[PDB]
Amino acid sequence: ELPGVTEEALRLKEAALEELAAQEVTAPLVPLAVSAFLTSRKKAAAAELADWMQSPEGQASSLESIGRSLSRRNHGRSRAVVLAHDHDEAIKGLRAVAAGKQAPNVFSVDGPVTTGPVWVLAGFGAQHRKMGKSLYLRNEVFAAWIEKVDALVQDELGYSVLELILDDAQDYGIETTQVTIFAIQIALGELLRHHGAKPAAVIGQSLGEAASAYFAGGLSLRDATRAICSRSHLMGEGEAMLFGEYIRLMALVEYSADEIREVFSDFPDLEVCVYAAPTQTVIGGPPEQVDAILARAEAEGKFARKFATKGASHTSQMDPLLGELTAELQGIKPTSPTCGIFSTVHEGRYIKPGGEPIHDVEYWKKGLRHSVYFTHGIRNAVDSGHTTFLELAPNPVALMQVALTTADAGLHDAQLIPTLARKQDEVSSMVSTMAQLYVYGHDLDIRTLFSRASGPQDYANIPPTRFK
Ligand SMILES: [Cl-]
Ligand SMILES: [Cl-]
Ligand SMILES: [Cl-]
Ligand code: NA
């Protein structure tokens with residue numbers, strides 16, 4: 001059978017749980033949903049809830065019991081959610097809902113978003129030391145999926161990703177960044193499905209393509225894990241041996257594809273790694289030429305930033321890895337997708353649900369070797385009516401690129417929903433994520449955001465759980 005959690009992971013987990021229990025308890029973020037067929041009725045419901053919450057009876061009721069009772073109402077066309085830690089934040093946010101005013105912890109819209117969400121599976125440049133650790137310790141569904149991928153990666157590569165997540169002294173390299181972000185992406189998406197969410201379409205970027213294939217139903221979890229494991233360890237081993245004239249850097253520069261065609265005439269060995277946004281592109285090549293194009297960009301007032309790597313993925317430098325990558329992926333079973341795919345490997349084109357499989361061995365070779373057409377995939381999604389983009393990531397780096405494409409396409413009110421972020425509480429982040437899916441009308445059973453009631457004190461004395 002599959003390997004179990006290692007002894008060292010269990011040791012690290014015990015230590016982390018002791019440290020966690022020694023901290024001060026912070027008040028959880030509670031989602032308070034109010035809805036009605038008409039926005040005017042929703043605003044009135046918000047004002048009445050706020051009035052009652054200021055009464056002594058409302059003050060004596062926990063936010064969690066108020067939220068659990070609200071979660072059982074009929075969820076109408078016009079929706080709103082207040083995210084609060086205490087009664088004061090709740091009443092303040094509800095006043096904003098009632099008065100139609102905007103607030104950071106308030107989401108309120110007049111009706112549903114017409115098209116389903118695009119799940120964005122990226123990850124390049126998003127890793128950070130403690131990513132996923134807090135949610136692993138505090139959410140049992142997320143933890144179960146982390147442990148499933150951990151067991152598969154143990155089987156494929158012979159080490160435990162969970163050990164990396166739990167060990168604060170450990171940081172991530174070329175190889176371990178990929179398998180660990182993959183593990184976190186799988187577990188974040190399955191946590192969302194557990195609460196009723198589903199992608200209408202997926203779009204992958206760079207290392208995130210393996211997770212996109214799983215959530216699109218194009219590969220089983222085992223085969224998606226083979227894809228990320230085969231490429232990551234070949235890339236990590238190759239990058240570690242690069243010195244001198246063999247080094248190729250990667251850098252984000254504020255140049256469009258049109259500008260790069262002209263700019264590259266001075267730098268004969270530069271290649272495009274990722275078309276990230278309409279005016280931003282990840283490029284790769286020899287250090288002297290990468291240094292020169294960065295210096296040109298800064299002289300023109302344009303942004304430029306290097307990544308921490310001695311090798312350039314999505315360039316001709318990957319050629320020597322493709323033969324072994326072919327051999328390691330023999331036997332994977334591409335399947336017909338169960339949702340739409342905006343394939344950034346295949347230049348941003350759309351593959352319909354039920355379409356022919358795309359995730360064969362040649363797809364992973366092409367994805368590693370050639371450019372990532374990310375902005376074109378996003379633009380294809382915007383032009384087809386999609387407005388909600390949800391990024392599964394330890395840090396919402398790709399969502400900021402998506403915002404540049406959506407605004408460039410004329411969509412200035414897109415629903416850009418992050419998941420985890422460095423220096424933000426990972427439990428509260430997933431509450432905000434799921435509350436946002438709810439307010440926009442996407443599939444999400446808001447009842448599942450609250451544990452099952454054990455007694456009458458777990459409800460508040462308001463509709464629909466009034467105590468006769
Ligand atoms: Cl009911
Ligand atoms: Cl109701
Ligand atoms: Cl429960
Ligand atoms: Na461009």
# chains A, B, ... in the order shown; residues from 1 in each chain; ligands from 1

$ select_by_dssp --residues "range 9-85 of chain A" --states "strand (DSSP E)" --output "PyMOL selection string"
chain A and resi 30-36+78-84

$ write_last_selection --atoms "N, CA, C and O atoms" --output "PDB file, in the first residue's frame"
ATOM      1  N   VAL A  30     -15.785  34.967  11.149  1.00  0.00           N
ATOM      2  CA  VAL A  30     -17.097  34.341  10.998  1.00  0.00           C
ATOM      3  C   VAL A  30     -17.813  34.986   9.821  1.00  0.00           C
ATOM      4  O   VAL A  30     -17.909  36.218   9.768  1.00  0.00           O
ATOM      5  N   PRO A  31     -18.333  34.202   8.867  1.00  0.00           N
ATOM      6  CA  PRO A  31     -19.108  34.786   7.769  1.00  0.00           C
ATOM      7  C   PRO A  31     -20.585  34.911   8.113  1.00  0.00           C
ATOM      8  O   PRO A  31     -21.233  33.921   8.469  1.00  0.00           O
ATOM      9  N   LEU A  32     -21.122  36.121   8.013  1.00  0.00           N
ATOM     10  CA  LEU A  32     -22.533  36.392   8.262  1.00  0.00           C
ATOM     11  C   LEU A  32     -23.192  36.731   6.930  1.00  0.00           C
ATOM     12  O   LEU A  32     -22.971  37.816   6.382  1.00  0.00           O
ATOM     13  N   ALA A  33     -23.996  35.805   6.413  1.00  0.00           N
ATOM     14  CA  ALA A  33     -24.662  35.963   5.129  1.00  0.00           C
ATOM     15  C   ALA A  33     -26.076  36.499   5.316  1.00  0.00           C
ATOM     16  O   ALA A  33     -26.810  36.045   6.199  1.00  0.00           O
ATOM     17  N   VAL A  34     -26.450  37.474   4.484  1.00  0.00           N
ATOM     18  CA  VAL A  34     -27.818  37.976   4.396  1.00  0.00           C
ATOM     19  C   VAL A  34     -28.196  38.045   2.921  1.00  0.00           C
ATOM     20  O   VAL A  34     -27.369  38.404   2.076  1.00  0.00           O
ATOM     21  N   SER A  35     -29.441  37.689   2.605  1.00  0.00           N
ATOM     22  CA  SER A  35     -29.847  37.661   1.208  1.00  0.00           C
ATOM     23  C   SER A  35     -31.348  37.872   1.087  1.00  0.00           C
ATOM     24  O   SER A  35     -32.103  37.723   2.052  1.00  0.00           O
ATOM     25  N   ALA A  36     -31.765  38.217  -0.129  1.00  0.00           N
ATOM     26  CA  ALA A  36     -33.170  38.393  -0.478  1.00  0.00           C
ATOM     27  C   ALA A  36     -33.265  38.472  -1.994  1.00  0.00           C
ATOM     28  O   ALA A  36     -32.264  38.679  -2.690  1.00  0.00           O
ATOM     29  N   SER A  78     -30.094  38.452  -4.459  1.00  0.00           N
ATOM     30  CA  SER A  78     -29.218  39.502  -3.959  1.00  0.00           C
ATOM     31  C   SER A  78     -28.588  39.018  -2.657  1.00  0.00           C
ATOM     32  O   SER A  78     -29.306  38.651  -1.721  1.00  0.00           O
ATOM     33  N   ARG A  79     -27.256  39.000  -2.602  1.00  0.00           N
ATOM     34  CA  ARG A  79     -26.541  38.392  -1.489  1.00  0.00           C
ATOM     35  C   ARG A  79     -25.511  39.354  -0.918  1.00  0.00           C
ATOM     36  O   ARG A  79     -25.032  40.266  -1.596  1.00  0.00           O
ATOM     37  N   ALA A  80     -25.182  39.136   0.354  1.00  0.00           N
ATOM     38  CA  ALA A  80     -24.131  39.887   1.026  1.00  0.00           C
ATOM     39  C   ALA A  80     -23.554  39.030   2.143  1.00  0.00           C
ATOM     40  O   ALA A  80     -24.242  38.168   2.699  1.00  0.00           O
ATOM     41  N   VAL A  81     -22.279  39.259   2.455  1.00  0.00           N
ATOM     42  CA  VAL A  81     -21.608  38.588   3.564  1.00  0.00           C
ATOM     43  C   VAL A  81     -20.771  39.610   4.318  1.00  0.00           C
ATOM     44  O   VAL A  81     -20.063  40.418   3.708  1.00  0.00           O
ATOM     45  N   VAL A  82     -20.862  39.582   5.641  1.00  0.00           N
ATOM     46  CA  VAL A  82     -20.000  40.361   6.516  1.00  0.00           C
ATOM     47  C   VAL A  82     -19.050  39.391   7.198  1.00  0.00           C
ATOM     48  O   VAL A  82     -19.490  38.403   7.798  1.00  0.00           O
ATOM     49  N   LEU A  83     -17.753  39.652   7.077  1.00  0.00           N
ATOM     50  CA  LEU A  83     -16.723  38.864   7.737  1.00  0.00           C
ATOM     51  C   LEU A  83     -16.301  39.603   9.000  1.00  0.00           C
ATOM     52  O   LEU A  83     -15.789  40.725   8.923  1.00  0.00           O
ATOM     53  N   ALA A  84     -16.522  38.987  10.159  1.00  0.00           N
ATOM     54  CA  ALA A  84     -16.301  39.682  11.419  1.00  0.00           C
ATOM     55  C   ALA A  84     -15.661  38.753  12.438  1.00  0.00           C
ATOM     56  O   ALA A  84     -15.847  37.533  12.402  1.00  0.00           O
TER      57      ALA A  84
END

$ closest_atom_pairs --of "chain A" --to "ligand 4" --cutoff "7 Å" --atoms "only C-alpha atoms and all ligand atoms" --output "JSON lines"
{"residue": "A:256", "atom": "CA", "partner": "ligand 4", "partner_atom_place_in_ligand_line": "1 (Na)", "distance": 3.8}
{"residue": "A:257", "atom": "CA", "partner": "ligand 4", "partner_atom_place_in_ligand_line": "1 (Na)", "distance": 3.7}
{"residue": "A:258", "atom": "CA", "partner": "ligand 4", "partner_atom_place_in_ligand_line": "1 (Na)", "distance": 6.4}
{"residue": "A:275", "atom": "CA", "partner": "ligand 4", "partner_atom_place_in_ligand_line": "1 (Na)", "distance": 5.9}
{"residue": "A:277", "atom": "CA", "partner": "ligand 4", "partner_atom_place_in_ligand_line": "1 (Na)", "distance": 6.1}
{"residue": "A:278", "atom": "CA", "partner": "ligand 4", "partner_atom_place_in_ligand_line": "1 (Na)", "distance": 3.9}
{"residue": "A:279", "atom": "CA", "partner": "ligand 4", "partner_atom_place_in_ligand_line": "1 (Na)", "distance": 5.3}
{"residue": "A:280", "atom": "CA", "partner": "ligand 4", "partner_atom_place_in_ligand_line": "1 (Na)", "distance": 6.5}
{"residue": "A:281", "atom": "CA", "partner": "ligand 4", "partner_atom_place_in_ligand_line": "1 (Na)", "distance": 6.8}

$ write_last_selection --atoms "N, CA and C atoms" --output "short mmCIF file (atom, residue, chain, number, x, y, z; two decimals), in the first residue's frame"
data_model
loop_
_atom_site.label_atom_id
_atom_site.label_comp_id
_atom_site.auth_asym_id
_atom_site.auth_seq_id
_atom_site.Cartn_x
_atom_site.Cartn_y
_atom_site.Cartn_z
N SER A 256 5.72 44.15 -23.32
CA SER A 256 4.71 43.35 -24.00
C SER A 256 5.38 42.43 -25.02
N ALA A 257 4.58 41.49 -25.54
CA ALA A 257 5.06 40.62 -26.60
C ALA A 257 5.50 41.42 -27.83
N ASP A 258 4.76 42.49 -28.17
CA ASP A 258 5.15 43.31 -29.31
C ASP A 258 6.47 44.02 -29.06
N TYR A 275 4.30 34.52 -21.06
CA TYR A 275 3.54 35.73 -21.37
C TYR A 275 2.58 35.92 -20.20
N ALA A 277 1.29 38.91 -18.51
CA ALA A 277 0.26 39.93 -18.60
C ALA A 277 0.44 40.62 -19.94
N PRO A 278 -0.49 41.49 -20.36
CA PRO A 278 -0.28 42.19 -21.64
C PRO A 278 1.01 42.99 -21.70
N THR A 279 1.48 43.54 -20.58
CA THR A 279 2.71 44.33 -20.58
C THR A 279 3.80 43.73 -19.69
N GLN A 280 3.71 42.44 -19.37
CA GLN A 280 4.73 41.80 -18.54
C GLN A 280 5.02 40.40 -19.06
N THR A 281 6.30 40.07 -19.11
CA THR A 281 6.78 38.85 -19.73
C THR A 281 7.97 38.32 -18.94
#

$ residues_near_ligand --ligand "ligand 3" --cutoff "12 Å" --atoms "only C-alpha atoms and all ligand atoms" --output "list in words"
residues 68, 140, 141, 447, 448, 449, 450, 451, 452, 453, 454 and 458 of chain A

$ write_last_selection --atoms "C-alpha atoms" --output "short mmCIF file (atom, residue, chain, number, x, y, z; two decimals), in the first residue's frame"
data_model
loop_
_atom_site.label_atom_id
_atom_site.label_comp_id
_atom_site.auth_asym_id
_atom_site.auth_seq_id
_atom_site.Cartn_x
_atom_site.Cartn_y
_atom_site.Cartn_z
CA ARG A 68 -24.98 29.23 11.67
CA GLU A 140 -8.73 18.14 8.82
CA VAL A 141 -9.97 17.98 5.22
CA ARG A 447 -24.12 25.61 5.69
CA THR A 448 -20.86 23.59 5.59
CA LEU A 449 -18.93 26.62 6.90
CA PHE A 450 -20.36 25.80 10.36
CA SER A 451 -20.05 22.60 12.37
CA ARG A 452 -23.25 20.69 13.07
CA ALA A 453 -25.14 22.03 16.07
CA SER A 454 -24.89 19.97 19.25
CA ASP A 458 -25.51 26.75 18.70
#

$ residues_near_ligand --ligand "ligand 2" --cutoff "8 Å" --atoms "only C-alpha atoms and all ligand atoms" --output "JSON list (two decimals) with C-alpha atoms, in the first residue's frame"
[["chain", "number", "residue", "atom", "x", "y", "z"],
["A", 72, "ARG", "CA", -29.82, 28.06, 7.09],
["A", 73, "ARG", "CA", -31.96, 30.77, 5.47],
["A", 74, "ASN", "CA", -32.99, 30.69, 1.84],
["A", 75, "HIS", "CA", -30.12, 32.23, -0.13],
["A", 463, "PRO", "CA", -35.15, 33.43, 11.61],
["A", 464, "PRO", "CA", -35.20, 30.60, 10.66]]

$ select_by_dssp --residues "range 1-188 of chain A" --states "alpha helix (DSSP H)" --output "PyMOL selection string"
chain A and resi 7-22+39-54+56-59+63-71+87-98+133-138+140-157+161-166+174-188

$ closest_residue --among "A:372, A:299, A:361, A:213" --to "residue 271 in chain A" --atoms "only C-alpha atoms"
A:372

$ closest_residue --among "A:439, A:270, A:250, A:207" --to "residue 177 in chain A" --atoms "only C-alpha atoms"
A:207

$ residues_around --residues "residue 467 in chain A" --least-positions-apart "6" --cutoff "9 Å" --atoms "only C-alpha atoms" --output "list in words"
residues 456, 460 and 461 of chain A

$ closest_residue --among "A:128, A:11, A:233, A:468" --to "residue 393 in chain A" --atoms "only C-alpha atoms"
A:128

$ residues_around --residues "residue 353 in chain A" --least-positions-apart "6" --cutoff "9 Å" --atoms "only C-alpha atoms" --output "ChimeraX atom specification"
/A:201,216,336-341

$ atom_distance --atom1 "CA of residue 20 in chain A" --atom2 "CA of residue 104 in chain A"
28.0 Å

$ residues_around --residues "residue 116 in chain A" --least-positions-apart "5" --cutoff "9 Å" --atoms "only C-alpha atoms" --output "ChimeraX atom specification"
/A:198-201,386-388,442-443
